[PDB]
Amino acid sequence: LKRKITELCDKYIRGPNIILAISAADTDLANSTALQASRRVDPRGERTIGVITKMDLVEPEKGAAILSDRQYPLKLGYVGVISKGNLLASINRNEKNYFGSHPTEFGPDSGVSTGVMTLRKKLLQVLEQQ
Amino acid sequence: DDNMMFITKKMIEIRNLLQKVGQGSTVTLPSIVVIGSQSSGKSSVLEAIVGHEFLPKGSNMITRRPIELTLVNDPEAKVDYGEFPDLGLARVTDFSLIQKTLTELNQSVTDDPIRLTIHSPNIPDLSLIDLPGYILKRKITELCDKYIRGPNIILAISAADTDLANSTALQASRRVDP
């Protein structure tokens, strides 16, 4: 939580590992924040991919702000997804289904990318390359 | 404590004067700074709304410019009117006109904060400033950090969702205020 745990994190992030940063979306007060340490150890944003989580519970305008930004660009892009027998298929069905509520906000031709499978493919590519 | 009310009023006045001599060109008096995560910041703007009366917030707000709200205890006046100091001597009766105006300032976007003054007998005189809630995004956090570091009475709101490491309003509150 705090940061002293920060010390371990920082050390691990430094070296040339492919860093997977996530960020909770929302915010009652002003709003939902964003990343920070990934940009601290990686100024170019070249070896870090971003995931925006808890994205079920924000207006779609909110997803657009977060999934797509240019104020904070990186290669490999961000990936927004809501995570929460046969649970696997289920979490897949929900992802397929949810964008329907606000398809225009995060769907085809929208810049943003989302759901677990596209993210998984990208992870495969970057891992293989590095 | 009517006299406490009055003394707070004179002190917010002298604060606004110090602000009118210029930014960084003088020392100022503290005030309430409000911060909130994405969900916590929608609840933030809505909270500020209900703290006095309905005023234009939310929708899609660029959040890039803070809003210095300076409130006045309003005896002797029976109409709910809010005015802009830059547009001096100009009063607004309905806050839908305030909606069109200050949301026009939103879509306009200097980093200067717009000052505001609202008079209502129901509202107690105050001095809160609303800056962007947390969601490049490092820039908004830079201005926020700059505002909270100085000994202002910080008002943190919460209704979040982020992991323990994610909830930004309270955790930054503890960052600058141990």
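Heads up, residue numbers simply count up from 1 along the chain you see.
Just so you know, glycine gets a Cβ as well, placed from its N, Cα and C.
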Residue in B:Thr63, B:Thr70, B:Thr141 which Swiss-Prot records at the Mg(2+) site where B:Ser43, B:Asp130 also bind: B:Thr63
Outside the region 'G1 motif' (B:36-43), six or more residues from its ends: residues with CB under 8 Å to it: 58, 132-135, 156-162, 166-169
Structural state census, the region 'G1 motif' (B:36-43) (DSSP three-state): 6 helix, 1 strand, 1 coil
Cβ atoms near B:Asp130 (Mg(2+) binding site) (within 10 Å, other residues, all chains): 26
Three-state composition of the region 'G3 motif' (B:130-133), taking helix and strand from DSSP: 0 helix, 1 strand, 3 coil
Which of B:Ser43, B:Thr63, all binding-site residues, has a Cβ with the fewest other Cβ atoms inside 10 Å: B:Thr63
